[PDB]
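Here is the structure we will look at, set down as structure tokens.
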Number of protein chains: 2
Amino acid sequence: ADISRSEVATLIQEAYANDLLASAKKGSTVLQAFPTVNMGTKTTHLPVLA
Amino acid sequence: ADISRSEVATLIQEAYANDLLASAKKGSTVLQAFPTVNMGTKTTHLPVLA
């Protein structure tokens with residue numbers, strides 16, 4: 001009688017797009033706000049006036 | 001059997017840093033605010049209308 005969508009299967013293709021995929025990534029706040037010191041070991045001692 | 005941080009003892013040296021040590025020193029307010037005079041002797045007389 002006629003050709004439905006099911007009767008032509010994969011001769012109609014379904015497409016892909018990635019317009020919604022690219023989520024942006026956010027850094028640490030405290031690395032942006034405060035000064036860093038590089039440590040070379042587990043402990044550093046910092047004298048402060050008291 | 002395995003090696004712990006405590007089992008390594010003082011092969012791991014603790015570090016030091018002076019980052020937090022420095023503090024800015026503050027001068028007298030009155031030496032900023034008022035006109036000063038260089039004295040050459042203990043006592044100076046300044047007459048005023050009374």
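Following the order of the structure tokens, chains are lettered A, B, ..., residues in each are numbered from 1, and ligands are numbered from 1.
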
Discussion item. With only C-alpha atoms considered, list every residue of chain B at most 6 Å from chain A, as a PyMOL selection string.
Written reply: chain B and resi 14-18+20-21

Expected file: the selected residues, C-alpha atoms, as a tab-separated table (two decimals), in the first residue's frame:
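Below you can see result_20.tsv, which holds the result:
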```tsv
chain	number	residue	atom	x	y	z
B	14	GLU	CA	60.84	20.20	57.32
B	15	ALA	CA	61.19	23.50	55.38
B	16	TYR	CA	61.09	27.18	56.42
B	17	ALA	CA	59.69	30.32	54.70
B	18	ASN	CA	59.66	34.03	55.71
B	20	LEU	CA	54.35	35.82	56.68
B	21	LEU	CA	57.19	37.36	58.79
```

After fit on chain A (all C-alpha, ordered pairs), chain B as a PDB file with N, CA and C atoms, in the first residue's frame:
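Saved the output as part-v2.pdb:
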```
ATOM      1  N   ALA B   1      -1.963   2.183  -1.263  1.00  0.00           N
ATOM      2  CA  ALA B   1      -0.587   1.734  -1.028  1.00  0.00           C
ATOM      3  C   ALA B   1       0.380   2.905  -1.125  1.00  0.00           C
ATOM      4  N   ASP B   2       1.249   3.077  -0.134  1.00  0.00           N
ATOM      5  CA  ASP B   2       2.263   4.136  -0.086  1.00  0.00           C
ATOM      6  C   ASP B   2       3.369   3.764   0.912  1.00  0.00           C
ATOM      7  N   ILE B   3       4.508   4.450   0.856  1.00  0.00           N
ATOM      8  CA  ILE B   3       5.655   4.158   1.718  1.00  0.00           C
ATOM      9  C   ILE B   3       5.702   5.154   2.887  1.00  0.00           C
ATOM     10  N   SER B   4       5.596   4.653   4.111  1.00  0.00           N
ATOM     11  CA  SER B   4       5.703   5.413   5.364  1.00  0.00           C
ATOM     12  C   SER B   4       7.150   5.624   5.807  1.00  0.00           C
ATOM     13  N   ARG B   5       7.423   6.541   6.745  1.00  0.00           N
ATOM     14  CA  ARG B   5       8.792   6.686   7.298  1.00  0.00           C
ATOM     15  C   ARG B   5       9.200   5.394   8.041  1.00  0.00           C
ATOM     16  N   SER B   6       8.281   4.769   8.790  1.00  0.00           N
ATOM     17  CA  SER B   6       8.556   3.481   9.442  1.00  0.00           C
ATOM     18  C   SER B   6       8.833   2.349   8.456  1.00  0.00           C
ATOM     19  N   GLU B   7       8.239   2.384   7.270  1.00  0.00           N
ATOM     20  CA  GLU B   7       8.459   1.375   6.240  1.00  0.00           C
ATOM     21  C   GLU B   7       9.783   1.544   5.507  1.00  0.00           C
ATOM     22  N   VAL B   8      10.439   2.696   5.621  1.00  0.00           N
ATOM     23  CA  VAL B   8      11.802   2.927   5.127  1.00  0.00           C
ATOM     24  C   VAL B   8      12.866   2.452   6.129  1.00  0.00           C
ATOM     25  N   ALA B   9      12.506   2.222   7.394  1.00  0.00           N
ATOM     26  CA  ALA B   9      13.397   1.753   8.455  1.00  0.00           C
ATOM     27  C   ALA B   9      14.751   2.491   8.470  1.00  0.00           C
ATOM     28  N   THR B  10      15.850   1.766   8.643  1.00  0.00           N
ATOM     29  CA  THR B  10      17.203   2.295   8.839  1.00  0.00           C
ATOM     30  C   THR B  10      17.937   2.639   7.548  1.00  0.00           C
ATOM     31  N   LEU B  11      17.212   2.885   6.456  1.00  0.00           N
ATOM     32  CA  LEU B  11      17.733   3.672   5.338  1.00  0.00           C
ATOM     33  C   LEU B  11      17.853   5.168   5.682  1.00  0.00           C
ATOM     34  N   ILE B  12      17.062   5.683   6.628  1.00  0.00           N
ATOM     35  CA  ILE B  12      17.217   7.041   7.174  1.00  0.00           C
ATOM     36  C   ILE B  12      18.064   6.954   8.441  1.00  0.00           C
ATOM     37  N   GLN B  13      19.306   7.429   8.386  1.00  0.00           N
ATOM     38  CA  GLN B  13      20.202   7.447   9.542  1.00  0.00           C
ATOM     39  C   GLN B  13      19.942   8.652  10.447  1.00  0.00           C
ATOM     40  N   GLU B  14      19.906   8.417  11.755  1.00  0.00           N
ATOM     41  CA  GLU B  14      19.883   9.457  12.784  1.00  0.00           C
ATOM     42  C   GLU B  14      21.269  10.094  12.941  1.00  0.00           C
ATOM     43  N   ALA B  15      21.336  11.418  12.996  1.00  0.00           N
ATOM     44  CA  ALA B  15      22.586  12.163  13.087  1.00  0.00           C
ATOM     45  C   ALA B  15      23.011  12.455  14.534  1.00  0.00           C
ATOM     46  N   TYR B  16      24.234  12.940  14.693  1.00  0.00           N
ATOM     47  CA  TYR B  16      24.832  13.325  15.966  1.00  0.00           C
ATOM     48  C   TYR B  16      25.467  14.703  15.856  1.00  0.00           C
ATOM     49  N   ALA B  17      25.457  15.492  16.928  1.00  0.00           N
ATOM     50  CA  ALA B  17      26.125  16.794  17.003  1.00  0.00           C
ATOM     51  C   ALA B  17      26.618  17.086  18.423  1.00  0.00           C
ATOM     52  N   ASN B  18      27.813  17.659  18.554  1.00  0.00           N
ATOM     53  CA  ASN B  18      28.443  17.938  19.846  1.00  0.00           C
ATOM     54  C   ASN B  18      28.235  19.380  20.344  1.00  0.00           C
ATOM     55  N   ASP B  19      27.361  20.173  19.729  1.00  0.00           N
ATOM     56  CA  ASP B  19      27.126  21.578  20.093  1.00  0.00           C
ATOM     57  C   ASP B  19      26.876  21.813  21.589  1.00  0.00           C
ATOM     58  N   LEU B  20      25.971  21.042  22.185  1.00  0.00           N
ATOM     59  CA  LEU B  20      25.610  21.150  23.597  1.00  0.00           C
ATOM     60  C   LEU B  20      26.590  20.472  24.565  1.00  0.00           C
ATOM     61  N   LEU B  21      27.600  19.744  24.086  1.00  0.00           N
ATOM     62  CA  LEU B  21      28.453  18.895  24.922  1.00  0.00           C
ATOM     63  C   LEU B  21      29.423  19.698  25.792  1.00  0.00           C
ATOM     64  N   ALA B  22      30.135  20.640  25.180  1.00  0.00           N
ATOM     65  CA  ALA B  22      31.159  21.424  25.848  1.00  0.00           C
ATOM     66  C   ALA B  22      30.586  22.261  26.991  1.00  0.00           C
ATOM     67  N   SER B  23      31.286  22.270  28.119  1.00  0.00           N
ATOM     68  CA  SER B  23      31.024  23.151  29.256  1.00  0.00           C
ATOM     69  C   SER B  23      32.337  23.709  29.795  1.00  0.00           C
ATOM     70  N   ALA B  24      32.385  25.006  30.089  1.00  0.00           N
ATOM     71  CA  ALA B  24      33.591  25.656  30.583  1.00  0.00           C
ATOM     72  C   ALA B  24      33.955  25.155  31.983  1.00  0.00           C
ATOM     73  N   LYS B  25      35.217  24.780  32.194  1.00  0.00           N
ATOM     74  CA  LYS B  25      35.723  24.311  33.486  1.00  0.00           C
ATOM     75  C   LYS B  25      36.169  25.476  34.366  1.00  0.00           C
ATOM     76  N   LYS B  26      35.894  25.361  35.659  1.00  0.00           N
ATOM     77  CA  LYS B  26      36.109  26.395  36.673  1.00  0.00           C
ATOM     78  C   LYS B  26      37.276  26.025  37.591  1.00  0.00           C
ATOM     79  N   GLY B  27      38.167  26.985  37.832  1.00  0.00           N
ATOM     80  CA  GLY B  27      39.342  26.823  38.682  1.00  0.00           C
ATOM     81  C   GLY B  27      39.037  27.118  40.146  1.00  0.00           C
ATOM     82  N   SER B  28      39.937  26.748  41.050  1.00  0.00           N
ATOM     83  CA  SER B  28      39.821  27.129  42.456  1.00  0.00           C
ATOM     84  C   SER B  28      39.739  28.649  42.621  1.00  0.00           C
ATOM     85  N   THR B  29      38.814  29.082  43.466  1.00  0.00           N
ATOM     86  CA  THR B  29      38.687  30.463  43.913  1.00  0.00           C
ATOM     87  C   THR B  29      39.907  30.887  44.701  1.00  0.00           C
ATOM     88  N   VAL B  30      40.384  30.033  45.602  1.00  0.00           N
ATOM     89  CA  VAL B  30      41.453  30.402  46.521  1.00  0.00           C
ATOM     90  C   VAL B  30      42.795  30.586  45.827  1.00  0.00           C
ATOM     91  N   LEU B  31      43.048  29.889  44.719  1.00  0.00           N
ATOM     92  CA  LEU B  31      44.227  30.110  43.887  1.00  0.00           C
ATOM     93  C   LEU B  31      44.171  31.424  43.104  1.00  0.00           C
ATOM     94  N   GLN B  32      42.981  31.948  42.819  1.00  0.00           N
ATOM     95  CA  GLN B  32      42.818  33.280  42.239  1.00  0.00           C
ATOM     96  C   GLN B  32      42.971  34.360  43.307  1.00  0.00           C
ATOM     97  N   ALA B  33      42.309  34.187  44.448  1.00  0.00           N
ATOM     98  CA  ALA B  33      42.181  35.210  45.472  1.00  0.00           C
ATOM     99  C   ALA B  33      43.443  35.477  46.298  1.00  0.00           C
ATOM    100  N   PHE B  34      44.222  34.460  46.652  1.00  0.00           N
ATOM    101  CA  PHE B  34      45.311  34.585  47.630  1.00  0.00           C
ATOM    102  C   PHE B  34      46.701  34.391  47.023  1.00  0.00           C
ATOM    103  N   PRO B  35      47.748  35.027  47.572  1.00  0.00           N
ATOM    104  CA  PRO B  35      49.126  34.793  47.161  1.00  0.00           C
ATOM    105  C   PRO B  35      49.542  33.346  47.436  1.00  0.00           C
ATOM    106  N   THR B  36      50.109  32.690  46.432  1.00  0.00           N
ATOM    107  CA  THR B  36      50.555  31.298  46.524  1.00  0.00           C
ATOM    108  C   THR B  36      52.052  31.215  46.816  1.00  0.00           C
ATOM    109  N   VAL B  37      52.531  30.085  47.340  1.00  0.00           N
ATOM    110  CA  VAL B  37      53.974  29.804  47.451  1.00  0.00           C
ATOM    111  C   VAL B  37      54.304  28.441  46.877  1.00  0.00           C
ATOM    112  N   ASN B  38      55.384  28.365  46.112  1.00  0.00           N
ATOM    113  CA  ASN B  38      55.894  27.116  45.569  1.00  0.00           C
ATOM    114  C   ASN B  38      56.686  26.381  46.643  1.00  0.00           C
ATOM    115  N   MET B  39      56.147  25.274  47.130  1.00  0.00           N
ATOM    116  CA  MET B  39      56.778  24.452  48.149  1.00  0.00           C
ATOM    117  C   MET B  39      57.710  23.431  47.501  1.00  0.00           C
ATOM    118  N   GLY B  40      58.875  23.189  48.102  1.00  0.00           N
ATOM    119  CA  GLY B  40      59.848  22.184  47.648  1.00  0.00           C
ATOM    120  C   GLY B  40      59.881  20.898  48.466  1.00  0.00           C
ATOM    121  N   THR B  41      59.102  20.839  49.536  1.00  0.00           N
ATOM    122  CA  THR B  41      59.090  19.808  50.575  1.00  0.00           C
ATOM    123  C   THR B  41      57.706  19.798  51.221  1.00  0.00           C
ATOM    124  N   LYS B  42      57.362  18.792  52.020  1.00  0.00           N
ATOM    125  CA  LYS B  42      56.036  18.673  52.631  1.00  0.00           C
ATOM    126  C   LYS B  42      55.696  19.836  53.555  1.00  0.00           C
ATOM    127  N   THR B  43      56.646  20.346  54.327  1.00  0.00           N
ATOM    128  CA  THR B  43      56.349  21.260  55.438  1.00  0.00           C
ATOM    129  C   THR B  43      57.190  22.516  55.364  1.00  0.00           C
ATOM    130  N   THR B  44      56.566  23.670  55.569  1.00  0.00           N
ATOM    131  CA  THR B  44      57.247  24.966  55.680  1.00  0.00           C
ATOM    132  C   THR B  44      56.789  25.658  56.952  1.00  0.00           C
ATOM    133  N   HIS B  45      57.712  26.249  57.697  1.00  0.00           N
ATOM    134  CA  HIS B  45      57.495  27.007  58.924  1.00  0.00           C
ATOM    135  C   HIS B  45      57.470  28.494  58.615  1.00  0.00           C
ATOM    136  N   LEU B  46      56.492  29.204  59.153  1.00  0.00           N
ATOM    137  CA  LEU B  46      56.301  30.635  58.991  1.00  0.00           C
ATOM    138  C   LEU B  46      56.117  31.232  60.388  1.00  0.00           C
ATOM    139  N   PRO B  47      57.128  31.883  60.980  1.00  0.00           N
ATOM    140  CA  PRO B  47      56.970  32.504  62.277  1.00  0.00           C
ATOM    141  C   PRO B  47      56.063  33.736  62.196  1.00  0.00           C
ATOM    142  N   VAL B  48      55.245  33.949  63.218  1.00  0.00           N
ATOM    143  CA  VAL B  48      54.419  35.148  63.411  1.00  0.00           C
ATOM    144  C   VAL B  48      54.636  35.694  64.812  1.00  0.00           C
ATOM    145  N   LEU B  49      54.547  37.006  64.992  1.00  0.00           N
ATOM    146  CA  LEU B  49      54.486  37.603  66.321  1.00  0.00           C
ATOM    147  C   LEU B  49      53.206  37.157  67.026  1.00  0.00           C
ATOM    148  N   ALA B  50      53.292  36.743  68.282  1.00  0.00           N
ATOM    149  CA  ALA B  50      52.192  36.150  69.034  1.00  0.00           C
ATOM    150  C   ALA B  50      51.846  36.864  70.348  1.00  0.00           C
TER     151      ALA B  50
END
```

Discussion item. I'd like to know which residues of chain B are alpha helix (DSSP H) (by DSSP, run on the backbone); could you write them as number ranges by chain?
Written reply: B: 5-8, 29-33
